[PDB]
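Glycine also receives a Cβ, built like all others from the backbone with ideal geometry; neighbour counts cover every protein chain displayed. Taken together, the values in this text are just the output of simple stated rules run on the coordinates, not laboratory data.
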Amino acid sequence: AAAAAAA
Amino acid sequence: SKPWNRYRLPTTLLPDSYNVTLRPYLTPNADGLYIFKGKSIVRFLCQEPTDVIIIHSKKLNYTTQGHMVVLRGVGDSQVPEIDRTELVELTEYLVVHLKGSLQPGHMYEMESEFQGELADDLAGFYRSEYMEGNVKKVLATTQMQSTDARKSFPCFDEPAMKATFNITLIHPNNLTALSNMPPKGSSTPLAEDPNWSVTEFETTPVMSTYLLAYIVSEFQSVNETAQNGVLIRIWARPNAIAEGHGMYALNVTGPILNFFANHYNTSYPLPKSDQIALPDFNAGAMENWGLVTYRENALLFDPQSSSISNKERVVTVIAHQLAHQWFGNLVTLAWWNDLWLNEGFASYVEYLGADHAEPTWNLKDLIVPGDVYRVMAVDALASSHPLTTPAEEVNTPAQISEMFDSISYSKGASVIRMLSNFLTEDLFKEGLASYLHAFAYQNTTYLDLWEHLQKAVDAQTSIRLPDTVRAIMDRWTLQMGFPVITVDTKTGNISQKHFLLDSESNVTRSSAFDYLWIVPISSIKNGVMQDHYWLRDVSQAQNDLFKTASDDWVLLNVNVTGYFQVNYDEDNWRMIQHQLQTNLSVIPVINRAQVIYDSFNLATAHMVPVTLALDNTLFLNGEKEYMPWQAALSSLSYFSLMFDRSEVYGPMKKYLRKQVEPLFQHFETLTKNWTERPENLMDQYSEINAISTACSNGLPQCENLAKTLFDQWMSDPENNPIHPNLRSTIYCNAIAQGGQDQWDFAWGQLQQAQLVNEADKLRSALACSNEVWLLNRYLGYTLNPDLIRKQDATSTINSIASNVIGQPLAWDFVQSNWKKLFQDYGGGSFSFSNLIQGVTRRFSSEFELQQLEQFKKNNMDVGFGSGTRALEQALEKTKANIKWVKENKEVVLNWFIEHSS
Ligand SMILES: *[C@@H]1O[C@H](CO)[C@@H](O[C@@H]2O[C@H](CO)[C@@H](O)[C@H](O)[C@H]2NC(C)=O)[C@H](O)[C@H]1NC(C)=O
Ligand SMILES: *[C@@H]1O[C@H](CO)[C@@H](O[C@@H]2O[C@H](CO)[C@@H](O)[C@H](O)[C@H]2NC(C)=O)[C@H](O)[C@H]1NC(C)=O
Ligand SMILES: *[C@@H]1O[C@H](CO)[C@@H](O[C@@H]2O[C@H](CO)[C@@H](O)[C@H](O)[C@H]2NC(C)=O)[C@H](O)[C@H]1NC(C)=O
Ligand SMILES: *[C@@H]1O[C@H](CO)[C@@H](O[C@@H]2O[C@H](CO)[C@@H](O)[C@H](O)[C@H]2NC(C)=O)[C@H](O)[C@H]1NC(C)=O
Ligand SMILES: *[C@@H]1O[C@H](CO)[C@@H](O[C@@H]2O[C@H](CO)[C@@H](O)[C@H](O)[C@H]2NC(C)=O)[C@H](O)[C@H]1NC(C)=O
Ligand SMILES: *[C@@H]1O[C@H](CO)[C@@H](O)[C@H](O)[C@H]1NC(C)=O
Ligand SMILES: *[C@@H]1O[C@H](CO)[C@@H](O)[C@H](O)[C@H]1NC(C)=O
Ligand SMILES: *[C@@H]1O[C@H](CO)[C@@H](O)[C@H](O)[C@H]1NC(C)=O
Ligand SMILES: *[C@@H]1O[C@H](CO)[C@@H](O)[C@H](O)[C@H]1NC(C)=O
Ligand SMILES: *[C@@H]1O[C@H](CO)[C@@H](O)[C@H](O)[C@H]1NC(C)=O
Ligand SMILES: [Zn+2]
């Protein structure tokens, strides 16, 4: 699952 | 011990193929229970003789005729008689005791009939409820990740035990049934009741149970056929589709799939790609092979109300899941202890895939603020852990769940990106293709990837390494943390040591390597790339690459491709600073950010003075680009948190007002009086941050823009004149300047908001009022379900708390209403750890510590529950804040006074 991963 | 009391399955029996038929009942019974029924046949092969079948089963009731299963032989194999079947709940097994042994090489079929709750629990086959108009809708969907396939049907539910699956869904005839594979053909009526239909799906490839998916709903799709015939569909609520919200996802999917097929040198391994937007899907996204699930705000995009960061989030979350359709799904890591490789890889390549779809955006840069510096905050702690975990320490579902963390994802991504960079991408891609082709439809460990990368290294002569791929990566995967690399530019001496933010921390986790790494070190000297260097597993070395004349400067770790931070002697720092002051464009934008990120961390660790870090922000008055400003803002938010109620704040504010004004002025012109947005993403991001920084630091021109725009909105409510990008700042600042007219208008807008992301901005902006009475009235709303959603309650209180004026009010509110513990910890867990974290965040005095202790002195009944550990963290954190403020207040005050004119 998931990520992306914001900044 | 008995095998049914061990958490890992036996290796005596291996599955070949499954038939599974599921039937969700989307109408509750006369009691409000929703159920699904199922029937399954698993065909498996005996490897070693055994008189017991152990298969996973979780929360299923069996209604099979006779025992819980029927067992047959395949072809002309004989089968032993069943002695008994039992359920062993702890290890989540169905256990079939036989009266004789299964025979090596023989195949057997095991049939079962069963049912379970179609719960509101996001696990296995579950239900999801949402609203369409005044109508409450219920759909059935799946989340098998990690050990929940067994909650929907009995199966050998470990990722290496792959099989083909023939899925059939029985569903109301006016609903659509989706699964991993296309339907075999049109649905046919269920003979026992033609209000139901039967949809059969094509056989899956050999695959893992955790990647299965099946969905019954009223959803509709937008579609495209790629040139190779692959059908691409985006599924969502009918009203979302009709609104066009699925279009951006549809736009990027085709280009992302094409990028990956080429990148992986491997055809997309399925006939179709479905992606589905589910309301309130809290797992965020899951890479089910051929049927990827997303929460709506992750997949859907509304051009008229969504910001650019929103668009960035859609394209990268899509690239991430699609990455897995090869890496993870086609080739699967054999056990959960290697989860980091799978999620780390996707977390890295999501930027590559997304960059292909949006090539003007420079998306690849975002891994640095988004993953590298993010994870370095937690990996620079004594309480961190290595990427690697021995397989034999990961056994239970709870242990498996613990694999899914920041280290696995973000450090995984950082380390893999470092690896690709030091190998070069071409060479990395060659090993990657070789790995995928060798292990297609099978399972691997991380050592298999290293082996294939080493094969690529060994087949060429250009790239030379100081050791094997494995030996190098072992330094980054078998031990926790990362080094600070310190350079003395007068000698060219270079050292490494384990970097901890807390210089007084005791590291008790031992390393097989004594916390020494083998480190790839790129460098730039006077704006010119130098030869690449490897620091070997030594504490100190020397090289002339890092030796300068006092008019020269050197800067290590170009683009922060290496998973480390860099310190220099003070003279080199000043040279860098001078360069940044006179011609900044000579230093890559990512390194302009790095100088800030690293120096602030180094100051925390007492490796430079805090004034040196602050000195590194001085160039920002001439900085136009997003990242270096973001670095400053991320590093300074703690300063603001500690000092915004103190004498330090005016000078800080004035300093920031000074630094940001030219950037504000720049965008004023560039945007033609804020009428058109900058072209590319980085520049849009920079504008957002500039407006935010300007307004929140009291720049009159920003305050004026905010007031004007909001007044304009208020005179014409149906025509919002504020571009989505700027809404959060404009709304917040305007409400701050205004009174109940602005507040009541925004509240009205909140109450009729259709879109979650607009509602979020409004909720956050309403907390920006500078009227005590409005904030207290707002707090009084947060516990009313009619006005503020339950799921949004603590978020809202937290936003009020982050307002300096709202800080005492929110803190009083929490202490006083704490007895909403015997009300929200038995109906809906209610993120209490976040609330405590948020309202106590500012505490930095002995007096505030005493308040927190005095408040804690109510352990007598009530307790804290989910935030019991969060309170202890708040006390430790306050002591750390107290100490930091005492060490830093005087020095910081005078630096800001000195530099705000
Ligand atoms: C799922 O469906 C597939 C496809 O129809 C079945 O595959 C057949 O299985 C037997 C081997 O046991 C062969 O005789 C056929 O050649 C297979 N067909 C194809 C197209 O591969 C598979 O057996 C089914 N799974 C189960 C559990 O019945
Ligand atoms: C798994 O399901 C498949 C599909 O229903 C079964 O294969 C069918 O069996 C029926 C008889 O019940 C025949 O009419 C068809 O020839 C089969 N269809 C196909 C596409 O092959 C299969 O028998 C099931 N597996 C087991 C072990 O029962
Ligand atoms: C996987 O990679 C190989 C190697 O690059 C590709 O094969 C090459 O294709 C080009 C045609 O554009 C030829 O000029 C080369 O001579 C080919 N090399 C070899 C060794 O055959 C191949 O097309 C790629 N396959 C996939 C599925 O992406
Ligand atoms: C897990 O993966 C390994 C491969 O990494 C599988 O072992 C291979 O099986 C194939 C046939 O599918 C053989 O051609 C190879 O020689 C095997 N390699 C080995 C044993 O090292 C293994 O079958 C998979 N495990 C399970 C349970 O499926
Ligand atoms: C450091 O990162 C920058 C991106 O922030 C790289 O610059 C890009 O490089 C490629 C090819 O040279 C171009 O497509 C981009 O347009 C470049 N952007 C800019 C602003 O130059 C740079 O090449 C990286 N440096 C190293 C050594 O890898
Ligand atoms: C499973 O069985 C138990 C009683 O044995 C019952 O409480 C439960 O409701 C059953 N669940 C379903 C979904 O049939
Ligand atoms: C499907 O049928 C049910 C029962 O009549 C009804 O509640 C529902 O609105 C229908 N949905 C669609 C999409 O036609
Ligand atoms: C999808 O692509 C079309 C064609 O380029 C474009 O006009 C449209 O703006 C895109 N939709 C979104 C929401 O970006
Ligand atoms: C630099 O390294 C050499 C090599 O061991 C050592 O003798 C010298 O003292 C070091 N000097 C400084 C200033 O670090
Ligand atoms: C700054 O440096 C870059 C790269 O050397 C150069 O192209 C540019 O002309 C310089 N600008 C000024 C004002 O010195
Ligand atoms: Zn993932």
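In this structure, B:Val135 and B:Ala438 have a Cβ-Cβ separation that, at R0 = 41 Å, corresponds to a calculated FRET efficiency of about 0.20.
One quarter of the convex hull surface built on the alpha carbon atoms of the stretch B:657-791 amounts to 8.6 nm², the projected area averaged over directions.
On the principal axes of its alpha carbon atoms, the protein assembly as shown extends 91, 69, 63 Å, with the longest extent given first. Beta bridges assigned by DSSP with both partners in the stretch B:220-481 are antiparallel in approximately 35 percent of cases. Counting charges near B:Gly244 (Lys, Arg +1; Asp, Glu -1) among other residues having Cβ under 13 Å from its Cβ returns a value of -1. Only Cα sites of the stretch B:667-741 enter the Debye sum here, all with the same form factor; the resulting log10 I(q)/I(0) across q = 0.16, 0.17, 0.27, 0.28 1/Å is -0.54, -0.61, -1.40, -1.46, listed in q order.
The base-10 log of I(q)/I(0) for the stretch B:569-901, evaluated at q = 0.07, 0.10 Å⁻¹, reads -0.33, -0.67 [Debye formula, identical scatterers on Cα atoms, solvent excluded].
Please give the contour-minus-distance gain from B:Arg869 to B:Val772: 0.36 nm per residue of separation, less the Cα-Cα distance, rounded to one decimal in nm. Working shown, then result.
Working: separation 97, 0.36 × 97 = 34.92 nm, distance 3.11 nm.
Residue separation times 0.36 nm, minus the Cα-Cα distance, leaves 31.8 nm.
One way to sum up the overall shape of the stretch B:220-481 is the equivalent ellipsoid from its Cα gyration tensor, whose semi-axes run 31, 21, 18 Å, largest first.
With n ≥ 4 as the cut-off for DSSP H runs, can you work out [θ] at 222 nm for the protein assembly as shown, using -39500 (n - 2.57) per run divided by the number of residues, rounded to the nearest 500? About -12000 deg cm²/dmol. Among residues other than B:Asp51 with Cβ under 14 Å from its Cβ, the summed charge is 0 (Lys and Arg +1, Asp and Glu -1). Here the translational diffusion coefficient of chain B follows from Stokes-Einstein with Rh set to the Kirkwood radius across Cα pairs; for 20 °C and 1.002 mPa s it amounts to 71 µm²/s. Taken about its Cα centre, chain B carries a charge dipole of about 660 debye when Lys and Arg each add +1 at the Cβ and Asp and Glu each add -1 at the Cβ. Alpha carbon centre of the stretch B:293-368 versus the stretch B:161-209: separation in Å? Here the two parts' Cα centres lie 29 Å apart. Annotation for B:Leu447 and B:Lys497: the two label points, set 7 Å from Cα along the Cα-Cβ direction, are 3.5 nm apart. In the stretch B:87-162, the C-alpha radius of gyration followed by the widest Cα-Cα span (Dmax) gives 17.2, 60 angstrom. Taking Cβ atoms as reference points and 11 Å as the exclusive limit, the residues near B:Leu556 contribute a net charge of 0, counting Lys and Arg as +1 and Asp and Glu as -1. For the stretch B:371-470, the set of GluC sites (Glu not before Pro) satisfying both a DSSP loop assignment and a count of at most 15 other C-beta atoms within 10 Å is given as B:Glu402. Taking the protein assembly as shown as a whole, the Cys residues whose C-beta sits 4.7 Å or farther from every other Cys C-beta are B:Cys46, B:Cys155. Mind checking the log10 I(q)/I(0) for the stretch B:1-219 at q = 0.08, 0.09, 0.15, 0.16 Å⁻¹? Debye, one equal scatterer per Cα, no solvent, two decimals. Here the Debye-derived log intensity ratios amount to -0.29, -0.36, -0.97, -1.09.
Tell me, what is the percent relative contact order of chain B, built from C-alpha pairs under 8 Å that lie six or more residues apart? Result for chain B is 6 percent. Built from the Cα atoms of the stretch B:482-568, the convex hull projects on average onto 6.1 nm², one quarter of its surface area.
As an exercise, find the ratio Rg/Rh for the stretch B:389-436 from alpha-carbon atoms, using the Kirkwood inverse-distance average for Rh.
Value, to two decimals: 1.13.
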